[PDB]
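Residue numbers (PDB author numbering), protein chains in the order written: chain F, 25 to 136, 156 to 210; chain E, 25 to 136, 156 to 210; chain M, 1 to 221; chain L, 1 to 221; chain I, 52 to 218.
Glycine included, each C-beta is placed from N, C-alpha and C at the ideal position.
Presented below is the structure to which this report refers.
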């Protein structure tokens, strides 16, 4: 047997769209769709470590402030500013959260259903952002959690149609 | 003598147009023209194994689901998605079929004149696909089958015009 | 002069799974160490092997109760990763994102009945052969099967062999191909003593040589 | 600085037979083993050599029947890969896809008549010389020829030598160049005894040094 | 999987009656496996997955005073042939049957197909093919007709997945 395709560093190393994008977006890996490939295999772990590569389709210059920087630091070019090329901008970001590893479920709060505001990879700003893709590099997952398959109402099995070359 | 040009790994490794292209096309090598060079040499062998390179001219993003993925998996970008460049898209697809070798003639059926639907290299989807070329990389053939030359009705020979530089 | 290059046509597009890295934007950042962090898994099939999970029987319960009837067939379920009896399984949760698979699948049986009640059980596997599985408790002795009695050790594992035509099999049972896809497993009760409501919980784990092949994104988004 | 490059003009376009590969989209896929799969062929001319195939004579039959007439000439056919007598041959099937060829072509003779009937045959090759091939069985004894007598061994092979002007010869007989293009092989019956409907089937295989050169796509599509 | 030794045994068969009015190209086929009334039939109906080759022997009863030729071949993944490629059936493993020289053919083939195991109730990989190369010619001292026989046996039978009885 050859389990190279079930590797945790291989299956999570692909681009995934983040549906909610704003002019000023805070990059959170929890904003991925819960039923996607990487989205669900991420919800299937309690703590995750990863770098990040983003493909952003924007208008104007894109500024990226690291985690913990004030919101007012997004209006200055001292923070990494990428000038927009023709198709889009493809960057590689580091991990900037103070915690050793991030988490997908938090049991409680952090201020003296909603993860702490410190669980993010930074922020990005432009005049607007049309699409945003995130790619996890050298991802590591900890403490597996239940992973759910699709339910079947009354038929014996889930009947999905496979691609067929039938003429 | 130097028989390098009748080598089975050399003749089959060229691009051939697949005439029938659809917005959702399932890549099957039997869709090659039967009288073309690679097409006829493929029909001349019972079984064949090969990788693939596809040159696709399309509008919108091109998604490729491997052999066996549900047809509903073509609407998601988690599967390998190629964003369209100017001229066309040139990819390299592996052999994804479960069988050790594919077949060109099948004696019978596969369900408890028509090859089973598991003989394909995957499916590709875009808004529309203008043209599609396929290339057989590291092709191997098994169990040779009869290959026919064009017939001549009543002449002594097939009488074809060869290119001449005559002024 | 300088290096002459040929800007090839068809290359250079973004593919959401290309193996090339991006240009760094914020260099020389050292993250906090995470050495010997508890509970790290590098392969989804390693945790599939490690922890078996329960099946979902009729009425939605992880166990089969003894039936006080002439029917000696307690339960019967298809051996597939997209079935009813495997709907709430972690193995199905993994396999829904892969197009093909191959290898052994293990079934683990646990008895949760009272000690003063004794029973004998037999499990049989039927490959995609006969059009009707051997509902008769003796007709099923001719296929691959194993038996175990109840005692102090209420745990017993049964391995479902991988039998099929192709080298690899689909994890995605087709809308076509009616009747038995490949296989069903039948549980038989050889005998039972004073067991009217005694239960038996069935769990399934990936085999030692199980393997999933082609990552896909099949779910509707 | 960074490396400077020159975007050359005229390079980079797609040539449907360029030797450069594409960027992989789906990595680390290991296909099921096909070690020791029976009947693998790596060169078309190998199976052309090992497997002789039949010729298509008049009326569309692969054998010569004895003619009870003064004509001692059993048959005559063009020695070319585009001839009538070679229209249903595997060698012609391969050669139709190449522009040039060179090398020997073997002919295999099989006697399928009754044992109590004996006959003697001669075959001769006529290079592109005389305007009329030697129809009479005496004029042909001056050419390259061989003879074999029928008996227990009904197998006999005869090799057509490659004679032409250029090192390499076309496989795509031209509209021009009428008359005998290159050559005809004639089969003569020296004698026959009580053979009125006895046959002789003729098959052709590629020579040990046959070679085809320039792949083309000549058929209409 | 296990190998069976009791199923590898001969089985006489009648192919056709070789007469004088059948011209060249009279093609007779016999897909394997046929209806086996012995151990092999129970193996087919009581086991699901099997793989095996075939050793075919073919004899025509006649005399040396007749003429004609029979081509016997084992076509993998049989398909109907128009009279054009009947001239090329020598490509598959084959021998000739002609009353002048030989009296009995002998062809052995391995197991081959897209699947490592096959269910012959659906797929029949190998096929016996016998044709008249030259028509049977007879005189006042020759036999007016010849009956040919099949002689076949599965070789190296390997099976997995035993099936229950039907009683």
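- Task: Return the Cβ separation of residue 173/L and residue 80/L in integer angstroms, given the expectation that the two are a contact with Cβ distance under 8 angstroms.
- Result: Position 173 of the fourth chain, counted from the first residue, corresponds to residue 173/L. Position 80 of the fourth chain, counted from the first residue, corresponds to residue 80/L. Contact flag correct, Cβ pair sits at about 6 angstroms.
- Query: Which same chain residues, not among the five before or five after residue 103/M, have their C-beta less than 7 angstroms away from its C-beta?
  - Reply: Taking the third chain and counting its residues from 1, the one referred to as residue 103/M is at position 103. Contacts found: 162, 207, 209, 210, 211.
- Candidates 151/I, 213/I, 85/I, 113/I, of which the one nearest residue 70/I by Cα: The sequence position of residue 70/I within the fifth chain is 19, counting from 1. The residue with the shortest Cα to Cα distance from residue 70/I is 113/I.
- Query: Excluding sequence positions up to five away, which residues of its chain have a Cβ less than 7 angstroms from the Cβ of residue 144/I?
  - Reply: The count along the fifth chain starts at 1 and reaches residue 144/I at position 93. For residue 144/I, where only same-chain residues beyond five positions count, the Cβ hits under 7 angstroms are 124, 125, 158, 160.
- Based on Cα-Cα distance, which residue from 138/M, 99/M, 175/M lies nearest to residue 71/M? Your numbering for residue 71/M matches position 71 in the third chain. Nearest C-alpha to residue 71/M: 138/M.
- Task: Name the one or two DSSP bridge partners that residue 63/L has.
- Result: Here the question's residue 63/L lines up with position 63 in the fourth chain. According to DSSP, which records beta bridges pairwise, residue 63/L is partnered with 201/L.
- Task: Return no unless some Cβ of chain I is closer than 8 angstroms to the Cβ of residue 137/M.
- Result: As a position in the third chain, residue 137/M is number 137, starting the count at 1. For residue 137/M, the answer is no, since every Cβ of chain I falls outside 8 angstroms of its Cβ.
- Task: Would you please verify whether the beta carbon of residue 11/M is less than 8 angstroms from any beta carbon of chain L?
- Result: Counting from 1 along the third chain, the entry for residue 11/M is found at position 11. At least one chain L Cβ lies under 8 angstroms of residue 11/M.
- Query: Are the Cβ atoms of residue 121/F and residue 91/F separated by less than 8 angstroms?
  - Reply: The residue labelled residue 121/F in the question sits at position 97 within the first chain. The residue labelled residue 91/F in the question sits at position 67 within the first chain. Contact: yes.
- Contacting residues, own chain, Cβ-Cβ under 6 angstroms from residue 125/E (five flanking each side not counted): As a position in the second chain, residue 125/E is number 101, starting the count at 1. Excluding sequence neighbours, residue 125/E sits near 71, 73.
- Output yes or no for whether 8 angstroms exceeds the beta carbon distance between residue 64/E and residue 188/E. By one-based count along the second chain, residue 64/E stands at place 40. By one-based count along the second chain, residue 188/E stands at place 145. No; because the gap between Cβ atoms is not below 8 angstroms, this pair is not in contact.
- Alpha carbon of residue 47/E to alpha carbon of residue 19/L, nearest angstrom: Locating residue 47/E in the second chain gives position 23, where the first residue counts as 1. Locating residue 19/L in the fourth chain gives position 19, where the first residue counts as 1. Approximately 29 angstroms, taken between the alpha carbons.
- Task: Under 6 angstroms Cβ to Cβ from residue 174/E, same chain only, skipping five residues before and after it: list those, please.
- Result: Position 131 of the second chain, counted from the start, is the residue given in the question as residue 174/E. Result list for residue 174/E: 81, in chain order.
- Task: Using 10 angstroms around the beta-carbon of residue 222/M, count the other beta-carbons present and answer buried if the total reaches 16, otherwise exposed.
- Result: Residue numbering for chain M in the displayed model covers 1 to 221; residue 222/M lies beyond these limits and cannot be assessed.
- What are the start and end residues of each continuous beta strand (DSSP E) run of 3 or more residues lying completely inside the region 148 to 214 of chain L, in chain order? 155 to 160, 184 to 192, 199 to 206
- Message: Please return the same chain residues whose Cβ sits closer than 6 angstroms to the Cβ of residue 184/E, not counting the five positions on each side in sequence.
- Response: Along the second chain, one-based indexing puts residue 184/E at 141. 32, 69, 72, listed in sequence order.
- Counting only the same chain and skipping the five closest in sequence on each side, list residues whose C-beta sits under 6 angstroms from that of residue 223/M. Outside the displayed span of chain M (1 to 221) sits residue 223/M, for which this structure offers no information.
- Task: Measure the C-alpha to C-alpha separation of residue 198/F and residue 188/M and round it to an integer number of angstroms.
- Result: By one-based count along the first chain, residue 198/F stands at place 155. By one-based count along the third chain, residue 188/M stands at place 188. In a straight line, the C-alpha of residue 198/F is about 24 angstroms away from that of residue 188/M.
- Message: My parser needs the alpha helix (DSSP H) runs of 4 or more residues fully inside the region 84 to 145 of chain M; what are they?
- Response: 90 to 95
- Item | For residue 213/I: DSSP bridge partner residues | Here residue 213/I refers to the residue found at position 162 when the fifth chain is read from its first residue. Answer is 98/I.
- Mind checking the region 110 to 135 of chain E against chain I and listing, in chain order, the residues whose C-beta falls within less than 9 angstroms of any C-beta there? 121, 122, 123, 124, 125, 126, 127, 128, 129, 130, 131, 132, 133, 134, 135
- When you compare only the Cα positions, how much space is there between residue 151/L and residue 118/L? Start at 1 with the first residue of the fourth chain, and residue 151/L comes out as number 151. Start at 1 with the first residue of the fourth chain, and residue 118/L comes out as number 118. Between residue 151/L and residue 118/L, the C-alpha separation is close to 7 angstroms.
- How big is the Cα-Cα spacing for residue 127/M and residue 159/M? One-based indexing of the third chain puts residue 127/M at position 127. One-based indexing of the third chain puts residue 159/M at position 159. Distance between the alpha carbons of residue 127/M and residue 159/M: 13 angstroms.
- Is the shortest distance between the beta-carbon of residue 210/E and the beta-carbons of chain L less than 8 angstroms? Taking the first residue of the second chain as 1, we reach residue 210/E at position 167. Not one chain L Cβ lies under 8 angstroms of residue 210/E.
- Pair every Cβ in the region 62 to 71 of chain L with every Cβ in the region 38 to 45 of chain L, then say whether three or more of these pairs are closer than 8 angstroms. no
- Other residues of its chain near residue 208/I: CB distance less than 6 angstroms, five sequence neighbours each side excluded: If you number the fifth chain from 1, residue 208/I lands on position 157. 55, 58, 103, listed in sequence order.
- Message: Less than 8 angstroms between the C-beta atoms of residue 78/I and residue 64/I, yes or no?
- Response: Within the fifth chain, the letter at position 27 stands for residue 78/I. Within the fifth chain, the letter at position 13 stands for residue 64/I. Their beta carbons are not under 8 angstroms apart, which means residue 78/I does not touch residue 64/I by this criterion.
- Item | Counted within 10 angstroms of its Cβ, other Cβ atoms place residue 154/I as buried (16 or more) or exposed | If you number the fifth chain from 1, residue 154/I lands on position 103. So residue 154/I counts as exposed.
- Message: Does chain M have any CB closer than 8 angstroms to the CB of residue 96/E?
- Response: The residue you call residue 96/E lines up with position 72 of the second chain. It does: the Cβ of residue 96/E has a partner Cβ on chain M nearer than 8 angstroms.
- Task: Run down chain L in chain order and give the residues with a C-beta less than 8 angstroms from the C-beta of residue 202/I.
- Result: As a position in the fifth chain, residue 202/I is number 151, starting the count at 1. Within chain L, no residue comes near residue 202/I; the closest Cβ sits about 22 angstroms away, beyond 8 angstroms.
- Check the Cβ-Cβ distances between residue 81/L and every residue of chain I, and say whether any is below 8 angstroms. As a first step, residue 81/L is located in the fourth chain; it is residue number 81 there, counting from the start. Not an interface residue.
- Query: Closest to residue 52/F by CA distance: which of 36/F, 127/F, 93/F, 59/F is it?
  - Reply: Numbered from 1 along the first chain, position 28 holds the residue referred to as residue 52/F. The option with the nearest alpha carbon to residue 52/F is 127/F.
- Could you spell out where the beta strand (DSSP E) holding residue 102/E opens and where it closes? Looking up residue 102/E in the second chain gives position 78. Element bounds for residue 102/E: n/a, residue is neither H nor E.
- For the beta strand (DSSP E) that contains residue 79/E, what are its first and last residues? Here residue 79/E refers to the residue found at position 55 when the second chain is read from its first residue. It spans 76 to 83 - the beta strand (DSSP E) in which residue 79/E sits, taken as one unbroken run.
- Comparing the C-beta of residue 214/I with each C-beta of chain M, is any distance below 8 angstroms? Counted from its first residue, the fifth chain places residue 214/I at position 163. By this cut-off, residue 214/I is an interface position.
- Task: Return the CA-CA distance between residue 196/F and residue 172/I, expressed in angstroms with no decimal places.
- Result: Translated into positions along the first chain, residue 196/F becomes position 153. Translated into positions along the fifth chain, residue 172/I becomes position 121. Cα to Cα, residue 196/F sits roughly 34 angstroms from residue 172/I.
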